[PDB]
RNA sequence: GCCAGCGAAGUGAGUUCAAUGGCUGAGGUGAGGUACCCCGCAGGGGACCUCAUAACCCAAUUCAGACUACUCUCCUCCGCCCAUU
C-alpha cells in the first residue's frame, strides 16, 4: 500500500533537480526515482559517483502529508538496439554491481523475446516515438507476469507535439488490448523544470489507457512497490537480505 | 398537523460533478480573463479529444483572479474526459501552463469546506 | 469496453428521511452521539440578522481539543490512561494526516475499542490479530485490528494484555500525531495538559466563521412531502446542491456571455433579505452538536420568521470507522455527511450523503 | 525398509520437551564458533554476496531464528533455536518448556550472527534441505511481505 | 491469440463520374484520418492509425469495405457521416452512405454484396426502358447464370 | 510386422482476411444493519437497502480417457499457532 512512486528522467543541473524535488514533495510524491538515459551509440559506464544526492541536498525534503523521509532511488534506463549491446549488458551482471533497478529498453523483437525469456532485468522500458511499430507475443508476457516484470510506460508527449501524443496513445491502447493489463506502470519525464501534474490524475491518465476504473491506481501503487521489491531481491540476494546493523 | 416516518433510498441521483482547481501559471505574464479561460477549455478538448466532446455542458464557479482558483462542473458523462483534457496540458499562445487539480467532488459542500489538508497549521 | 470505462459511474448513495422530535422512535440523538469524528458544523437561518447570546455562547465554546506530536501507542494502553480518561469520561483520539488507503491510521472509541487500520507491513510487524478489510481484488491492502481495552482492564495480568504491551513497546514502537479530546463525566478532575506534559501538547479552539448574506433565493418546502409536490414545493436534494452552492460563496443570476453559466434555482422560491451563516471548523465533539440540535429544535418555540433552518455536518474524510460500523474509503475522493432541515412544527429531515466506497446506515 | 524404519519414529515426543532448555545452550555456542571458523573475516567490510553464498550453501540446522514477518500474526514474535527441518515446515524450541512448528510457506526469519543480522525469506527454502546445498537454486519469483 | 475484427460497407453517392474516377487508397486514408482528426482528437484518430485501414475499394461501383476494432467501431461509424468537403482537382461534393453493418465475417459480407448488386440491377430496369442497356443486362444475367 | 476409403449439400454455436459470454431490474449464495409486518419461549419466520458473484481461457469435425492452468463454490481427512472451561 505504498503510493507516490514514479520514475523520472531528469538531470540537467543541481538547481532544476532541487526544483523538481521541491515540486514533487509539494504536490503528492514521497519516493523520487531518477532515470539515466544511456544509448547504444555512446556506451559509457560512469557508475561510482555520478549524482551524489545526499551530499548536495539539505538533509530532508518536506511534504504536506505525513512528513516522512523520502527515499531517493538512482535508476538506469539503457536504450538497447543492437544485439551485441545486449551482450554488453549481459556482461554487466557481475562486473559493476550498483544501480538497484536496471531498466532495459528493447527495439528488436528477438531481443525483446530474450529479454523476457533469459535476460535478467527488472523493468522493461516501452516508449514509442517517431513511428515505432511492434508486435506482442503472449507466452513471454505470461512468463513476465509470472516472474514479476512490470512494464514501464514513460510518457511525456503532451509538451512537444501532438503526433507524439498520437503514437503514444496508439501504442498504449495496443498494450492494453494485447497485454490484458496485469502489471503496467506509467511514469513522467522531466526536461523542463515543471513537467509534472497531480498524482491522483495519473490514475486517470492510466484509465484513458484503460486497465480498470480503479485497478489502474491500485496496480501502479502495488506494482511500483513490487518493482522496488524485485530490484531489492536482485540487489541484496534472491531469497536473503543481509544488512549491517550496528546500534 | 402532520407527523410520520418514511424511508427513501436513491441510486445515483447526483448527475453533476464539480472540480476546485488552483491555477499555477509558469511565467509572470498573467493576462487572465473569464472568457479566455472558457475559450481555452473549449480549444483544449477540441484538439485533444473532440469538438463534439468540447461542447459538453460545463460552467465556471467562483472565478478568482489573484487567488488563481476556480470550480468547473460537468455532468457524469465527460468527467473522465475533462480530467484527461486538463491533464494533457493544452496551451493558449506558447507560454505553457501547468494545470494542477486541487480537488474533485460530486458535492458542492464537501469540496467547499475542506477535503485535501483537513487542518492547516 | 474502454468507452464504458470513460463514463460508467462513481458510486453515489443519498438517503433522505423525515421524522418528529416529539416521537419516541426518533433515534437522532443516538445517531449524533454514536457518530464520533467531525470536521465542519455549519448552520443557516433565513431572515435573522442578530444572533442571540445563548447560541453565541454555545458556538464560542464547542472545543477545545489537543494536538500531540509523536505520541507512542503504548501510552494509550497504560492502566492510568484507562482509569483516568476512559473510565471517567469519553476519550476521543485520532491520528493526523495519515491516509486510510496509504498510511497507518489509529482511532480510539468511547466504548473502549482502539481500532487501528494498518497496511500489510505494519500488520505483519506488530503481530496483532485482526481481519482482512480493504482489498485490491485478489490482493489485500489494509487490515483492521480492534483491541477492547475495557475487557483487558478487568484482567491486567492476562496473556492478551502483556502480548499487546510487548507488541507496542519492544516489538514495533509506533508514533503518530494525535488529535485528542475528553468529555468529562467524572467527579475527579484531571486535565490533559498535566498528563501529556512530556510531549509537545497544544490546546486549540475551533475556528468560527460568521457570514451575513443578502438577497438569497430560498426554496419553499412542505414538511409532509419528501419528493416535492409539482409547482408548490421543491426537492430536498436540489436544495442540498443549492446549499452547497451558497456555502461556496456563489449566488448569481443567469449570465449570457462567452463564459456561459447555466444554473437553475429550485423554483418556486422566496427572496430572503438576510441569511445568517455560521461555520465551526475543528475537532468537534458530538455532545456539542447534540446541544446545538436541541437549541435549534427549541428555537421554534417563539414565533420566528424562519420557516426552516439548516444544520450540516461534514466529518473527517480520513477516518477508519464512521457511522458506527462503516468503513470510509478513498476512491479518488468521496466523503460522508449528514444534514438537518428543521421546520417549525418539530419536524426534521435526516439526510445522509455517502462517497464512493462506503456502506450506509439506517 | 522405509516402512520398517517408520516403526518407532525418528521424531520428537512428549518426553524430550522437558529437557531443561539451558542444556541446549551449548548448541548455540557450537553454531557461533562454527560461523567464526567458517567466515573468518570481520573488521573492515567484505562482499555481501559471499555472505549470501555462505547462507545458501550451509545447513541451517541448529541455529537461532526469529519470525519477523509472516502471513499469520501469531507466528510473528517467536524466537528460538531450530531443531528439525522438513519439506515445508521446521520445528524450533523456545523458552520455558514448549516447542513450536513454524511452516516455511510465506514468512521471513531474522538470523542473528556474531555481528550481523540477516533476513531469510523462507518461501523457496524447502524440499528436503540437503537439496539446497546440492544443486538447483535459480532466480524465480518475489515475495511481498 | 486473435482479435474480433469488424467491417463496414459505405457507398459513395454522387453524380459527375470524374468523382467516380477519383479514388485512391492513400488519398482516402488521409481523407478519413483528417476528417476524424477534426471530429475526434488524438484518442479517436490514433486508434484509427493502428486499427482502421483500407481493405476493399472499387472505382466505378463506389462500394468501400473498411476495417475497425471491437472497442472503436462505434466511434468510427459515428465519425463516418461527418466526411464532408473533399477538395480535389475539381469542385466535387462526394458523400458516404451506409448499406448494412456486418459484424466481421468477410464471406457473408461478400454474400450480401451480391444480393445488393442484384437489387441494384433489377430495380433500375423498368423505369429506364431502353434496349441499349438491356442488352448488357441480358449479357450480365447470362454470365451470372454461367457461374 | 504387414494388409482396408468414401469429390455433391449444409455440427441441439459451425466461423475460416477467422461472428457468438452486450445493458438494465428482481430473486440464488456469501455478509452487514433495521424506526417494517405476523405469531407470544427469552424469541422465531417473512419484508427493505448496500457490497461480492471472479480467474483460467478462448471451439473450426465429434467423442472417451489421461494432463496441465483455477477459485465466487460445495463433501470430507488434517496440521500449526492464539484465547477459554
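Chains as they are written, first to last, in the numbering used here: chain X, 1 to 247; chain V, 1001 to 1121; chain W, 2001 to 2362; chain C, 3001 to 3145; chain A, 4001 to 4147. Ideal Cβ positions, reconstructed from N, Cα and C, are used throughout, including at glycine.
If the five residues before and after residue 2219 (chain W) are omitted, its C-beta is found closer than 6 angstroms to the C-beta atoms of 2234, 2239, 2266 and 2269, all from its own chain and listed in chain order. Nearest to residue 127 (chain X) by alpha-carbon distance, out of X:184, X:68, X:99 and X:100, is X:184. At a cut-off of 8 angstroms between beta-carbon atoms, residue 4071 (chain A) makes contact with chain W. Between residue 1102 (chain V) and residue 1028 (chain V), the CB-CB gap reaches or exceeds 8 angstroms. Below 8 angstroms, too few C-beta pairs join the region 3002-3019 of chain C and the region 2008-2027 of chain W to call them touching: fewer than three. Using a CB distance cut-off of 8 angstroms, residue 4078 (chain A) does not count as an interface residue toward chain X. Annotation: residue 3116 (chain C) to residue 3032 (chain C) spans about 12 angstroms, alpha carbon to alpha carbon.
At a cut-off of 8 angstroms between C-beta atoms, residue 4005 (chain A) does not count as an interface residue with respect to chain V. Note on geometry: alpha-carbon atoms of residue 4048 (chain A) and residue 4054 (chain A) lie some 11 angstroms from one another. Residue 3125 (chain C) reaches chain X at 239, counting residues in chain order whose Cβ is nearer than 9 angstroms.
Taking a cut-off of 8 angstroms for Cβ pairs, the region 2286-2302 of chain W and the region 2318-2332 of chain W do not touch, as fewer than three such pairs fall below it.
Spatial neighbours of residue 2226 (chain W) in its own chain (CB-CB distance under 7 angstroms, excluding positions within 5 residues in sequence) are listed in chain order as 2016, 2018 and 2236. Neighbours of residue 2123 (chain W) in chain C, taken as residues whose beta carbon is under 9 angstroms from its own, are 3073 in chain order.
The region 4109-4123 of chain A makes no contact with the region 4077-4093 of chain A; the number of CB pairs closer than 8 angstroms stays below 3.
Residue 1104 (chain V) counts as buried, since at least 16 other C-beta atoms from the protein chains shown sit within 10 angstroms of its C-beta. Close to residue 208 (chain X), with beta-carbon spacing below 9 angstroms, are these residues of chain A in chain order: 4043. In the structure shown, the three-state DSSP call for residue 2323 (chain W) is coil. Closest in alpha carbon position to residue 218 (chain X), among W:2007, W:2135, W:2175 and W:2100, is W:2135. A contact between stretches requires three or more CB pairs, one per stretch, nearer than 8 angstroms, and the region 1107-1114 of chain V meets this requirement with the region 2307-2324 of chain W. Identification of residues in the region 194-207 of chain X having a C-beta nearer than 9 angstroms to some C-beta of chain A yields an empty set. By the Cβ-count criterion, residue 2187 (chain W) is exposed, with fewer than 16 other Cβ atoms from all chains shown falling within 10 Å of its own Cβ.
For residue 1107 (chain V), the nearest CB of chain W lies under 8 angstroms from its own CB, placing it at the interface with that chain. The region 154-218 of chain X contains, as complete alpha helix (DSSP H) runs of 4+ residues, the segments 163-178 and 202-209 (chain order). With respect to chain C, the C-beta atom of residue 2160 (chain W) has no partner C-beta closer than 8 angstroms. Below the 9 angstroms Cβ cutoff, chain X contributes 138 as neighbours of residue 4001 (chain A), in chain order.
For the 8 angstroms CB-CB criterion, residue 4019 (chain A) and residue 4092 (chain A) form a contact. The region 3105-3116 of chain C and the region 3069-3082 of chain C touch, with three or more beta-carbon pairs separated by less than 8 angstroms.
Using a Cβ-Cβ cut-off of 7 angstroms, residue 245 (chain X) is close to 3117 of chain C, given in chain order. A buried status is given to residue 2124 (chain W), since no fewer than 16 other beta-carbon atoms sit within 10 Å of its beta-carbon. With contacts defined by Cβ atoms closer than 8 angstroms, residue 2165 (chain W) and residue 2343 (chain W) do not form a contacting pair. By a beta-carbon distance limit of 8 angstroms, residue 2109 (chain W) does not contact residue 2179 (chain W). Their separation comes to about 14 angstroms.
In the displayed model, residue 105 (chain X) falls within a strand according to three-state DSSP. Per DSSP, the beta bridge partners of residue 2106 (chain W) are W:2116.
Scanning the region 3050-3095 of chain C for uninterrupted beta strand (DSSP E) segments of 3 residues or longer gives 3064-3070, 3079-3082 and 3089-3093, listed from N- to C-terminal end. Here residue 2194 (chain W) is exposed, its C-beta having fewer than 16 other C-beta atoms within 10 Å.
The continuous alpha helix (DSSP H) containing residue 1042 (chain V) extends over residues 1034-1048.
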